[PDB]
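K.L.:
Once you've had a glance at the structure underneath, I'll fire off some questions.
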Amino acid sequence: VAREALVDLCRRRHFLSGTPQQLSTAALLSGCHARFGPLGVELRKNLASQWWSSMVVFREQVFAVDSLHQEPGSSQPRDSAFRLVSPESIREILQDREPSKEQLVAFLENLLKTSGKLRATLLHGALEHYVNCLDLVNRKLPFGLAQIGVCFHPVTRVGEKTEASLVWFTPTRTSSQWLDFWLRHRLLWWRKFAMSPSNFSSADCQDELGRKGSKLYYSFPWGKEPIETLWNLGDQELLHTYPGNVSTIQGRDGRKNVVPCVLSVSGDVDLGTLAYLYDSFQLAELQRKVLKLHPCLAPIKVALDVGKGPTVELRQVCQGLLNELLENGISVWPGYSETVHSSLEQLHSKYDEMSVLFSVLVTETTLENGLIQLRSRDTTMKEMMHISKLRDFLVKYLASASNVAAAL
Amino acid sequence: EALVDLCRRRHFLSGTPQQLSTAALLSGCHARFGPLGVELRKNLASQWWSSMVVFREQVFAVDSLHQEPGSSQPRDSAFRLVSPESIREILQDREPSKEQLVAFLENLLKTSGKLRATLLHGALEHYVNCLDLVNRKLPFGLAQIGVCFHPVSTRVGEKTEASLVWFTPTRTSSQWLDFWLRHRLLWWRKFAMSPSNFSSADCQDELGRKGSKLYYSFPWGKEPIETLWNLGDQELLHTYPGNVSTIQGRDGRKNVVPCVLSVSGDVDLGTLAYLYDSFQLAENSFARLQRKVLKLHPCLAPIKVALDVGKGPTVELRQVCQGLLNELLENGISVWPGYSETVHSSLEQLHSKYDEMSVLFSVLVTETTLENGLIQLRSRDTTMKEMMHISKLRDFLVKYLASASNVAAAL
Amino acid sequence: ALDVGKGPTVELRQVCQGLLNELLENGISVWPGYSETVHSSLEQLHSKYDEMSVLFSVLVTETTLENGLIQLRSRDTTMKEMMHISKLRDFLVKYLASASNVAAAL
Amino acid sequence: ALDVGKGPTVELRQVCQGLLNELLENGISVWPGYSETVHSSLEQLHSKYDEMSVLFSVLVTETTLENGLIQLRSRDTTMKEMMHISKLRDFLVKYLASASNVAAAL
DNA sequence: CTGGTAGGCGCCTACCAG
DNA sequence: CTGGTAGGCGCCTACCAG
DNA sequence: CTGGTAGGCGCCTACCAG
DNA sequence: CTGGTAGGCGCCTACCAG
Ligand code: NA
Ligand code: NA
């Protein structure tokens, strides 16, 4: 009942996309379809932008890495990674010449041995770029490699999920404290944008080899779902990536040459986007459906609309106002450009369901004294302010909101 | 080539020397870019999204999977996605026959999914959902930046594609295609040192559909970096078979089935183009001497400022750099923390490194800075040094990047 | 501003006339410093043009008669640069077109 | 002079507005006749521009929205010509430059 | 305050002959 | 086809209701 | 393993050369 | 100007007995 209204709202306002069968909980968690619509892409884009800011830009010695979605194939038993086969190579044996029974078995056997596979994590990409980045940092430990990309997980169907990975290379001497540092840092990052930060929790975990780690969860209406995993992998994966002389992969821990310990920090950006959508849905006031996404994450910051007055002159004021806001990094919904006229009540409900932070109305009064009508999403309050002050207000509001979360 | 050697030394590119050849870089069979190359491509994708989505009317974002539904097209060369468990279910469960093996390969060629080659179908499948968003008002567009997969003469290569699928009535289809062609070519040239190396040429497909391709003049010859097509309405009807009323748009007051325009650019090859375009053999002083310097456009240069310390108390100097680094980062200015490096470098060694890394400005904090607040500022393009108060550095950089972003908008 | 350096003054000033004519035909104001016959040092000449707000100073020398390279000096940066005399017109029209569009945004 | 013909006035005025901005940025004086709301026949409109000594009259029509062709009328010869709208800027700049170079030879 | 509406008059579409 | 008016069409103000 | 000094280690500033 | 360097003295490492 309540969970059905949110997905219906996100589908109506184009946060999500797909048929009703693809909008179920199990279908959204699998990731077997393009889950997000235009608003959902921009929200995830703002979520990935905030991740990159707090994990790369303002972090010391964290660098970017690019890796292919494909990894070299091998014959490890039960790898489950989908293999990449050329359709011409299959047609090159069924149409070129008449094959034999023994030749067909060798073709399927060579497929499991040589064909590439889709990546499941971004860990291997960072391990393969470790040596190249080691020269960049002058072999000074610690440092990290970060990347945001789509990974592939088996579900007969294939699922795609956007992973935000940070692979931290640290000495074993301080490996436990860096793992604890990132754990507290990642959990504060999820909670600073949340209306109910208590729904984001953490729990320790171990793998088969007893390596200690921790996972982050969000409390969905059906239960907790893991959104981020942190692992203390040690130095096992790094030695297998570079077999041979360890001197080529040894880092400098102050004055000691040590093979570094690898920390894997992997977060689900797609599932986190759904988490904030559930976190933002609240019924307030007479009840109203309003999504209160954090101002740094809300895809649309301001909406421009016209009221009573000369339509040509009013749209010219909106066009110039839209350009000034876009030139200052403020996303604008050009409601004035829509040919379908809407009432203020219908307009306020649409923008509240689209998580639009502020609604602006340009009227004939604006053409006389320059005053526009400003409506807040969170407080429903209307107020009159001069159009020349709108840019500074929105810029300072977004700057203030981004800095309140930093102190938390 | 001295540039590929330079880009590998400064971590614009990555890979062994065998995969750093021309044919290997064009195939895209390996992760080509290093940390600086990723940031350059990221700034190129940001500038693309700004001039193609943000400041364009009725252009919206679209997300699509890397997989497309499989079918039995004979001319389809896209790599297929096969479950490895289904392969072991026929080679290990029971002893198969020849008829069972052929039926397995035939069923996979008809049902197994395939990796996408373009972003066109992803926008076509989201056309109806976005048509309701615009209240059926034509024209509008769907844009997406993602990695596509291309077969290589078997190995498979990956290339980042910046796609814009424009839905417009056929009445104005030819003029919208000409509009985007001029807009894309001006976008490439505004960041280029030699804009004449970016050219355009008309082309046609198998069915005679008119289009245009953009090229960059690499040292070995022109290479296509962007393709524009006037596809008509063929792909849109095959995507939505049935009643055309569900896909009809509003051309002013007339309900018509829109014409599809595809604008796809190669982001990976475009970064290689700007790396070749930025390399020049300038001279810091002809009469005491050439220098290898990459003059990437300020909007594209991955590192805007570099911070280093000079003579003076190292503790106090690094505290000033840390506070200065935070102020620049908080204002969207990328900073290279050269002061945090433990290896000491001379100014000449430091100037050549920052020039090869295309760092726009080099700042040196010295004992003088602790006395009167003056830092040393060096320009990448002119190699000139200047004393400037540290309180004015942020304003100078944000206005320099603002000016640079405004001449390119006027060109 | 156009001036001559070391070399035969007759042939160097003839090159300056053709260069001045090409610049005037493209709307570029030129100070014919080469036509002045009084003795002047480079320090006095640079101080004169910098105080007259001359954007660029060009010097035609015996090198220009051999390979076509002239000496270009910037007012703002005092930086000297060697460029071919045939490319001077393109450099000036692009620099002046850029400055008008830098201030057009502000 | 810029004017609109048969077709959606709103769409045609947007094309004329963008064409006027490109011509003004290249030093070409434009008469924005498209901004007038009162109807005037082509005969009445051409007689006004001839009396105003307007060198060329341009007409943006529905055909311009389809293939980009505009109608160009010369003042001296009263001849109509169809040319692509992207070539109007290059044509006017060279025509004005040619007239100035022919008069310089007199 | 806000939306639904009726109607005068100028702007604009598109008739409709050559 | 093309271009001139005839005439349809939508903007804007004012009144009203809830 | 713990802690208090003994002793090494690196910062800082004058020279010197190119 | 700038880089290479030598050395006095306080900061810091890590000796080395309990
Ligand atoms: Na009509
Ligand atoms: Na010690």
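Letters A, B, ... go to the chains of the structure tokens in the order shown; residues in each chain start at 1; ligands are counted from 1 in the same order.
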Would you mind listing the residues within 10 Å of ligand 2, counting only C-alpha atoms (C1' of nucleotides) and all ligand atoms, as number ranges by chain?

P.N.:
G: 6-9; H: 12-15

K.L.:
Can you list, as a PyMOL selection string, every protein, DNA or RNA residue that comes within 8 Å of residue 395 in chain A when you count only C-alpha atoms (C1' of nucleotides), leaving out same-chain residues fewer than 3 positions away?

P.N.:
chain A and resi 328+330+391-392+398-399

K.L.:
Among range 69-308 of chain B, which residues does DSSP mark as alpha helix (DSSP H) when it is run on the backbone? Keep the chain and numbering as in the structure and answer as a compact mmCIF listing (two decimals) with N, CA, C and O atoms, in the first residue's frame.

P.N.:
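Saved to out_26.txt:
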# COMPACT_ATOMS: atom_id res chain seq x y z
N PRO B 84 28.36 -19.39 -18.28
CA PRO B 84 29.31 -20.52 -18.25
C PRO B 84 28.74 -21.77 -17.60
O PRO B 84 29.27 -22.86 -17.85
N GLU B 85 27.70 -21.64 -16.79
CA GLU B 85 27.09 -22.83 -16.19
C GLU B 85 26.31 -23.63 -17.22
O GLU B 85 26.29 -24.87 -17.16
N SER B 86 25.68 -22.95 -18.18
CA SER B 86 24.98 -23.65 -19.25
C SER B 86 25.95 -24.38 -20.17
O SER B 86 25.57 -25.36 -20.82
N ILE B 87 27.20 -23.91 -20.25
CA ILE B 87 28.20 -24.60 -21.05
C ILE B 87 28.65 -25.88 -20.35
O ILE B 87 28.83 -26.92 -20.99
N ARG B 88 28.83 -25.81 -19.03
CA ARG B 88 29.20 -27.00 -18.27
C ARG B 88 28.05 -27.99 -18.15
O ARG B 88 28.28 -29.16 -17.84
N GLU B 89 26.81 -27.54 -18.37
CA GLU B 89 25.66 -28.43 -18.28
C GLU B 89 25.54 -29.36 -19.48
O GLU B 89 24.75 -30.31 -19.43
N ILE B 90 26.29 -29.10 -20.55
CA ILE B 90 26.27 -29.97 -21.73
C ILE B 90 27.57 -30.73 -21.91
O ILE B 90 27.57 -31.77 -22.59
N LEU B 91 28.68 -30.27 -21.34
CA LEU B 91 29.97 -30.94 -21.47
C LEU B 91 30.32 -31.80 -20.27
O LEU B 91 31.32 -32.53 -20.32
N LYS B 98 25.86 -35.01 -31.61
CA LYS B 98 26.12 -33.89 -32.50
C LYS B 98 24.87 -33.03 -32.68
O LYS B 98 24.96 -31.80 -32.78
N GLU B 99 23.69 -33.66 -32.72
CA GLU B 99 22.45 -32.91 -32.87
C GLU B 99 22.16 -32.04 -31.65
O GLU B 99 21.56 -30.97 -31.79
N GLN B 100 22.56 -32.48 -30.46
CA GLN B 100 22.33 -31.68 -29.27
C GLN B 100 23.31 -30.51 -29.18
O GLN B 100 22.97 -29.46 -28.62
N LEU B 101 24.52 -30.67 -29.73
CA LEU B 101 25.49 -29.58 -29.70
C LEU B 101 25.12 -28.48 -30.68
O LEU B 101 25.30 -27.29 -30.39
N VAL B 102 24.59 -28.85 -31.85
CA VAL B 102 24.17 -27.85 -32.83
C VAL B 102 22.96 -27.07 -32.31
O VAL B 102 22.86 -25.85 -32.50
N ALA B 103 22.03 -27.76 -31.65
CA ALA B 103 20.87 -27.08 -31.09
C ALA B 103 21.26 -26.12 -29.97
O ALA B 103 20.57 -25.13 -29.73
N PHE B 104 22.36 -26.41 -29.27
CA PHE B 104 22.83 -25.52 -28.21
C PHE B 104 23.41 -24.24 -28.80
O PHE B 104 23.09 -23.13 -28.34
N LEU B 105 24.26 -24.36 -29.82
CA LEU B 105 24.83 -23.18 -30.45
C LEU B 105 23.78 -22.39 -31.22
O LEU B 105 23.86 -21.16 -31.29
N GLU B 106 22.78 -23.08 -31.79
CA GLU B 106 21.74 -22.38 -32.53
C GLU B 106 20.82 -21.61 -31.60
O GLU B 106 20.40 -20.49 -31.91
N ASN B 107 20.49 -22.19 -30.44
CA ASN B 107 19.62 -21.50 -29.49
C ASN B 107 20.31 -20.29 -28.87
O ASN B 107 19.65 -19.29 -28.58
N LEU B 108 21.63 -20.36 -28.67
CA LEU B 108 22.33 -19.21 -28.10
C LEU B 108 22.44 -18.08 -29.11
O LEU B 108 22.34 -16.90 -28.74
N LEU B 109 22.62 -18.41 -30.39
CA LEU B 109 22.65 -17.38 -31.42
C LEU B 109 21.30 -16.72 -31.63
O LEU B 109 21.23 -15.68 -32.30
N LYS B 110 20.23 -17.28 -31.07
CA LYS B 110 18.89 -16.73 -31.21
C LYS B 110 18.34 -16.11 -29.93
O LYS B 110 17.48 -15.23 -30.01
N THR B 111 18.83 -16.53 -28.76
CA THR B 111 18.28 -16.08 -27.49
C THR B 111 19.28 -15.38 -26.58
O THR B 111 18.87 -14.51 -25.82
N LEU B 120 22.10 4.06 -29.57
CA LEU B 120 20.88 4.46 -30.27
C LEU B 120 19.66 3.74 -29.71
O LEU B 120 18.66 4.37 -29.37
N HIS B 121 19.73 2.41 -29.63
CA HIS B 121 18.57 1.64 -29.17
C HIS B 121 18.19 1.98 -27.74
O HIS B 121 17.01 1.93 -27.38
N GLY B 122 19.17 2.32 -26.90
CA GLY B 122 18.86 2.71 -25.54
C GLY B 122 17.99 3.95 -25.47
O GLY B 122 17.11 4.06 -24.61
N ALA B 123 18.22 4.90 -26.38
CA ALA B 123 17.37 6.08 -26.44
C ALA B 123 16.04 5.79 -27.12
O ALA B 123 15.02 6.39 -26.77
N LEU B 124 16.03 4.86 -28.08
CA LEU B 124 14.78 4.51 -28.75
C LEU B 124 13.83 3.79 -27.80
O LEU B 124 12.61 4.02 -27.84
N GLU B 125 14.36 2.94 -26.92
CA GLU B 125 13.51 2.22 -25.98
C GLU B 125 12.98 3.13 -24.88
O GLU B 125 11.98 2.78 -24.24
N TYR B 127 12.05 6.29 -25.62
CA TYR B 127 11.39 7.38 -26.32
C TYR B 127 9.97 7.60 -25.80
O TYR B 127 9.55 8.75 -25.59
N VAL B 128 9.21 6.52 -25.59
CA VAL B 128 7.82 6.66 -25.17
C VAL B 128 7.74 7.23 -23.75
O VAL B 128 6.92 8.11 -23.48
N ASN B 129 8.59 6.74 -22.84
CA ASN B 129 8.57 7.25 -21.47
C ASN B 129 8.87 8.74 -21.43
O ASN B 129 8.24 9.49 -20.68
N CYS B 130 9.84 9.19 -22.23
CA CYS B 130 10.19 10.61 -22.27
C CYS B 130 9.20 11.42 -23.09
O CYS B 130 9.11 12.64 -22.90
N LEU B 131 8.45 10.79 -23.99
CA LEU B 131 7.44 11.51 -24.76
C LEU B 131 6.33 12.02 -23.84
O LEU B 131 5.79 13.11 -24.06
N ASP B 132 6.00 11.25 -22.80
CA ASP B 132 5.03 11.71 -21.81
C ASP B 132 5.60 12.84 -20.97
O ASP B 132 4.84 13.70 -20.49
N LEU B 133 6.92 12.87 -20.78
CA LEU B 133 7.54 13.91 -19.96
C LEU B 133 7.45 15.28 -20.62
O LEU B 133 7.30 16.29 -19.92
N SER B 173 13.76 18.15 -40.23
CA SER B 173 14.81 17.19 -39.89
C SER B 173 16.15 17.60 -40.50
O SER B 173 17.19 17.51 -39.83
N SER B 174 16.15 18.04 -41.76
CA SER B 174 17.40 18.40 -42.41
C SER B 174 18.04 19.63 -41.79
O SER B 174 19.27 19.75 -41.78
N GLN B 175 17.23 20.56 -41.27
CA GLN B 175 17.79 21.75 -40.65
C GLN B 175 18.30 21.49 -39.24
O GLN B 175 19.27 22.12 -38.81
N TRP B 176 17.67 20.57 -38.51
CA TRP B 176 18.21 20.18 -37.21
C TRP B 176 19.51 19.41 -37.36
O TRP B 176 20.43 19.57 -36.56
N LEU B 177 19.61 18.57 -38.40
CA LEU B 177 20.85 17.86 -38.66
C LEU B 177 21.98 18.83 -39.00
O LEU B 177 23.12 18.65 -38.55
N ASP B 178 21.68 19.86 -39.79
CA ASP B 178 22.68 20.87 -40.09
C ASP B 178 23.03 21.69 -38.86
O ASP B 178 24.18 22.12 -38.70
N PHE B 179 22.05 21.92 -37.98
CA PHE B 179 22.31 22.66 -36.74
C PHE B 179 23.30 21.91 -35.85
O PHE B 179 24.26 22.49 -35.35
N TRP B 180 23.06 20.61 -35.65
CA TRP B 180 23.95 19.84 -34.78
C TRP B 180 25.33 19.67 -35.40
O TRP B 180 26.34 19.66 -34.68
N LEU B 181 25.40 19.53 -36.73
CA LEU B 181 26.69 19.39 -37.39
C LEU B 181 27.58 20.60 -37.13
O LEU B 181 28.75 20.47 -36.77
N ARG B 182 27.03 21.81 -37.32
CA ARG B 182 27.79 23.02 -37.04
C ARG B 182 28.09 23.15 -35.55
O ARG B 182 29.15 23.67 -35.17
N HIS B 183 27.18 22.69 -34.69
CA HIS B 183 27.38 22.82 -33.25
C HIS B 183 28.47 21.87 -32.76
O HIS B 183 29.28 22.25 -31.90
N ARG B 184 28.51 20.64 -33.28
CA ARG B 184 29.52 19.69 -32.85
C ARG B 184 30.91 20.11 -33.31
O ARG B 184 31.88 20.02 -32.54
N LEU B 185 31.03 20.57 -34.56
CA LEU B 185 32.34 20.94 -35.08
C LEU B 185 32.90 22.17 -34.37
O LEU B 185 34.11 22.26 -34.13
N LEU B 186 32.03 23.13 -34.03
CA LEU B 186 32.48 24.28 -33.25
C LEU B 186 32.89 23.87 -31.84
O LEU B 186 33.74 24.53 -31.23
N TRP B 187 32.29 22.80 -31.32
CA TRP B 187 32.64 22.34 -29.98
C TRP B 187 34.04 21.74 -29.95
O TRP B 187 34.80 21.96 -28.99
N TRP B 188 34.41 20.98 -30.98
CA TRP B 188 35.75 20.41 -31.03
C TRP B 188 36.80 21.49 -31.21
O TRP B 188 37.88 21.43 -30.60
N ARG B 189 36.51 22.51 -32.02
CA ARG B 189 37.51 23.51 -32.39
C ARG B 189 37.75 24.55 -31.30
O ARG B 189 38.82 25.17 -31.30
N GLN B 234 12.75 4.64 -39.51
CA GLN B 234 12.77 3.19 -39.67
C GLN B 234 13.00 2.49 -38.33
O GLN B 234 12.27 1.56 -37.97
N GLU B 235 14.01 2.93 -37.58
CA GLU B 235 14.34 2.27 -36.32
C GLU B 235 13.26 2.49 -35.27
O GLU B 235 13.07 1.64 -34.39
N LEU B 236 12.54 3.62 -35.34
CA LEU B 236 11.51 3.89 -34.34
C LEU B 236 10.29 3.00 -34.53
O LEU B 236 9.65 2.62 -33.54
N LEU B 237 9.96 2.65 -35.78
CA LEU B 237 8.82 1.77 -36.02
C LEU B 237 9.13 0.33 -35.63
O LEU B 237 8.24 -0.38 -35.16
N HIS B 238 10.37 -0.11 -35.82
CA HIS B 238 10.73 -1.48 -35.45
C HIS B 238 10.83 -1.63 -33.94
O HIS B 238 10.66 -2.74 -33.42
N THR B 239 11.11 -0.54 -33.22
CA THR B 239 11.19 -0.62 -31.76
C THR B 239 9.80 -0.68 -31.14
O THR B 239 9.59 -1.38 -30.14
N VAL B 267 34.55 9.68 -27.40
CA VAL B 267 35.20 10.44 -26.34
C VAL B 267 36.64 9.98 -26.13
O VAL B 267 37.53 10.80 -25.89
N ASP B 268 36.88 8.67 -26.23
CA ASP B 268 38.24 8.15 -26.04
C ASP B 268 39.18 8.66 -27.13
O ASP B 268 40.27 9.15 -26.84
N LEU B 269 38.76 8.55 -28.39
CA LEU B 269 39.59 9.04 -29.49
C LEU B 269 39.70 10.56 -29.47
O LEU B 269 40.71 11.12 -29.92
N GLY B 270 38.68 11.25 -28.94
CA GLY B 270 38.76 12.70 -28.84
C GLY B 270 39.83 13.16 -27.88
O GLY B 270 40.50 14.17 -28.12
N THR B 271 40.00 12.44 -26.77
CA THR B 271 41.07 12.78 -25.83
C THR B 271 42.44 12.60 -26.47
O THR B 271 43.34 13.42 -26.26
N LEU B 272 42.61 11.52 -27.24
CA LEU B 272 43.86 11.33 -27.98
C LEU B 272 44.08 12.46 -28.98
O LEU B 272 45.22 12.86 -29.22
N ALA B 273 43.00 12.98 -29.56
CA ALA B 273 43.13 14.09 -30.51
C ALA B 273 43.65 15.34 -29.82
O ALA B 273 44.53 16.03 -30.35
N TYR B 274 43.11 15.66 -28.64
CA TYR B 274 43.55 16.86 -27.94
C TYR B 274 44.95 16.71 -27.38
O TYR B 274 45.67 17.70 -27.22
N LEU B 275 45.37 15.48 -27.06
CA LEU B 275 46.75 15.26 -26.64
C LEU B 275 47.72 15.52 -27.79
O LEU B 275 48.76 16.16 -27.59
N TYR B 276 47.39 15.05 -28.99
CA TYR B 276 48.20 15.38 -30.16
C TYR B 276 48.11 16.86 -30.51
O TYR B 276 49.10 17.45 -30.97
N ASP B 277 46.94 17.46 -30.30
CA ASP B 277 46.77 18.87 -30.63
C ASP B 277 47.51 19.78 -29.65
O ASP B 277 47.92 20.88 -30.02
N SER B 278 47.69 19.33 -28.41
CA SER B 278 48.29 20.18 -27.38
C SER B 278 49.81 20.18 -27.41
O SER B 278 50.43 21.08 -26.83

K.L.:
Contacts from chain B to chain C, 8 Å maximum, only C-alpha atoms: show me the residue list as a list in words.

P.N.:
residues 286, 382, 384, 403, 404, 406, 407 and 410 of chain B

K.L.:
Take the residues just selected and output them with N, CA, C and O atoms as a tab-separated table (two decimals), in the first residue's frame.

P.N.:
chain	number	residue	atom	x	y	z
B	286	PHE	N	64.44	31.73	-26.00
B	286	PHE	CA	65.22	31.31	-27.17
B	286	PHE	C	66.71	31.56	-26.98
B	286	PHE	O	67.53	30.78	-27.48
B	382	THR	N	53.26	30.97	-21.30
B	382	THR	CA	54.26	32.01	-21.53
B	382	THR	C	55.54	31.81	-20.73
B	382	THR	O	56.50	32.56	-20.95
B	384	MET	N	56.26	32.80	-17.99
B	384	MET	CA	56.61	33.98	-17.22
B	384	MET	C	56.26	33.79	-15.75
B	384	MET	O	55.24	33.19	-15.42
B	403	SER	N	37.13	33.28	-18.05
B	403	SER	CA	37.42	33.93	-19.32
B	403	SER	C	37.65	32.90	-20.42
B	403	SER	O	37.06	32.99	-21.50
B	404	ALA	N	38.50	31.90	-20.14
B	404	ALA	CA	38.79	30.87	-21.13
B	404	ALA	C	37.52	30.15	-21.57
B	404	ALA	O	37.34	29.86	-22.76
B	406	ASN	N	34.74	31.45	-21.79
B	406	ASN	CA	33.89	32.41	-22.48
B	406	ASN	C	34.39	32.78	-23.88
B	406	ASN	O	33.57	33.13	-24.73
B	407	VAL	N	35.70	32.72	-24.14
B	407	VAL	CA	36.17	32.88	-25.51
B	407	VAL	C	35.76	31.67	-26.34
B	407	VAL	O	35.37	31.80	-27.51
B	410	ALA	N	32.35	32.02	-27.47
B	410	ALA	CA	32.23	32.99	-28.55
B	410	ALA	C	32.81	32.47	-29.86
B	410	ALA	O	32.72	33.17	-30.88

K.L.:
Suppose you want the space between CA of residue 29 in chain B and CA of residue 119 in chain B; what is it in Å?

P.N.:
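Between CA of residue 29 in chain B and CA of residue 119 in chain B the gap works out to 19.2 Å.
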
K.L.:
DSSP on the backbone: what in range 9-99 of chain C comes out strand (DSSP E), as JSON, numbers by chain?

P.N.:
{"C": [56, 57, 58, 59, 60, 69, 70, 71, 72, 73, 74, 80, 81, 82, 83, 84]}

K.L.:
Go through B:380, B:80, B:253, B:385 one by one, measure the shortest atom-to-atom distance of each to chain A using only C-alpha atoms, and give the residue with the smallest value.

P.N.:
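The shortest atom-to-atom distance to chain A comes from B:80.
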
K.L.:
I'd like the contact shell of residue 71 in chain C - 10 Å cut-off, only C-alpha atoms (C1' of nucleotides), skipping same-chain residues fewer than 5 positions apart - returned as a PyMOL selection string.

P.N.:
chain C and resi 3+5+57-61+63-64+80-85

K.L.:
Neighbouring residues of residue 2 in chain E were defined as those with any atom within 10 Å, considering only C-alpha atoms (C1' of nucleotides); residues of the same chain fewer than 4 positions away were excluded. Please report them as a ChimeraX atom specification.

P.N.:
/A:343-345 /F:18

K.L.:
Next, the residues of the selection above should be written as a compact mmCIF listing (two decimals), in the first residue's frame with N, CA, C and O atoms (P, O5', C5', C4', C3', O3' and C1' of nucleotides).

P.N.:
# COMPACT_ATOMS: atom_id res chain seq x y z
N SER A 343 -2.53 24.71 -13.00
CA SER A 343 -2.86 25.51 -11.83
C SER A 343 -1.74 25.43 -10.80
O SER A 343 -0.90 24.53 -10.83
N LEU A 344 -1.73 26.39 -9.88
CA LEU A 344 -0.71 26.42 -8.84
C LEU A 344 -0.77 25.17 -7.97
O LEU A 344 0.27 24.63 -7.58
N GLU A 345 -1.98 24.71 -7.64
CA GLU A 345 -2.11 23.50 -6.84
C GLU A 345 -1.52 22.29 -7.58
O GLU A 345 -0.74 21.52 -7.01
P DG F 18 -19.98 28.91 -6.29
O5' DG F 18 -18.94 27.78 -5.81
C5' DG F 18 -17.68 27.66 -6.46
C4' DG F 18 -16.55 27.65 -5.45
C3' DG F 18 -16.98 27.39 -4.00
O3' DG F 18 -16.17 26.37 -3.43
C1' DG F 18 -15.60 29.30 -4.12

K.L.:
I'd like the neighbourhood of range 304-313 of chain A as a list in words, where a residue qualifies if any of its atoms comes within 9 Å (using only C-alpha atoms (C1' of nucleotides)), though same-chain residues fewer than 5 positions away should be ignored.

P.N.:
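Listed by chain and then number, they are residues 318, 321, 322, 332, 333, 334, 335, 336, 337, 359, 360, 361, 362, 363, 364, 365 and 367 of chain A; 11 and 12 of chain F.
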
K.L.:
With a distance cut-off of 8 Å and only C-alpha atoms (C1' of nucleotides), select the neighbouring residues of residue 302 in chain B, excluding the residue or stretch itself and same-chain residues fewer than 3 positions from it, and output the selection as JSON, numbers by chain.

P.N.:
{"B": [36, 37, 39, 40, 43, 334, 358, 359]}

K.L.:
Residues at most 9 Å from residue 41 in chain D, counting only C-alpha atoms (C1' of nucleotides), excluding those fewer than 3 positions away in the same chain, as a list in words?

P.N.:
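That gives residues 44, 45 and 46 of chain D; 3 and 4 of chain F.
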
K.L.:
Create the file for the chosen residues now, containing C-alpha atoms (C1' of nucleotides) and written as a PDB file, in the first residue's frame.

P.N.:
ATOM      1  CA  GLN D  44       5.314  47.694 -50.714  1.00  0.00           C
ATOM      2  CA  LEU D  45       8.233  46.214 -48.760  1.00  0.00           C
ATOM      3  CA  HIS D  46      10.716  46.268 -51.651  1.00  0.00           C
TER       4      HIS D  46
ATOM      5  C1'  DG F   3       1.629  36.168 -52.727  1.00  0.00           C
ATOM      6  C1'  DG F   4      -2.382  39.283 -51.363  1.00  0.00           C
TER       7       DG F   4
END

K.L.:
Residues of chain B near chain A: apply a cut-off of 8 Å, count only C-alpha atoms, and supply the list as a PyMOL selection string.

P.N.:
chain B and resi 11+14+30-35+38-39+54-55+60-65+76-85+87+91+97-98+101+105+109+129-130+133-135+154+158+329+341+343

K.L.:
Suppose you want the space between CA of residue 330 in chain B and CA of residue 295 in chain B; what is it in Å?

P.N.:
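If I compute the distance from CA of residue 330 in chain B to CA of residue 295 in chain B, I get 25.0 Å.
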
K.L.:
Mind dumping a table of every chain B residue within 12 Å of chain H, with the nearest atom pair and its distance in Å to one decimal, using only C-alpha atoms (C1' of nucleotides), sorted by chain and rising number, as a tab-separated table?

P.N.:
residue	atom	partner	partner_atom	distance
B:310	CA	H:2	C1'	11.0
B:311	CA	H:2	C1'	10.8
B:344	CA	H:3	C1'	11.5
B:345	CA	H:3	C1'	10.2
B:346	CA	H:3	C1'	7.5
B:347	CA	H:2	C1'	8.5
B:348	CA	H:2	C1'	9.9
B:349	CA	H:3	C1'	11.6

K.L.:
CA of residue 43 in chain D to CA of residue 24 in chain D: how many Å, to one decimal?

P.N.:
26.4 Å
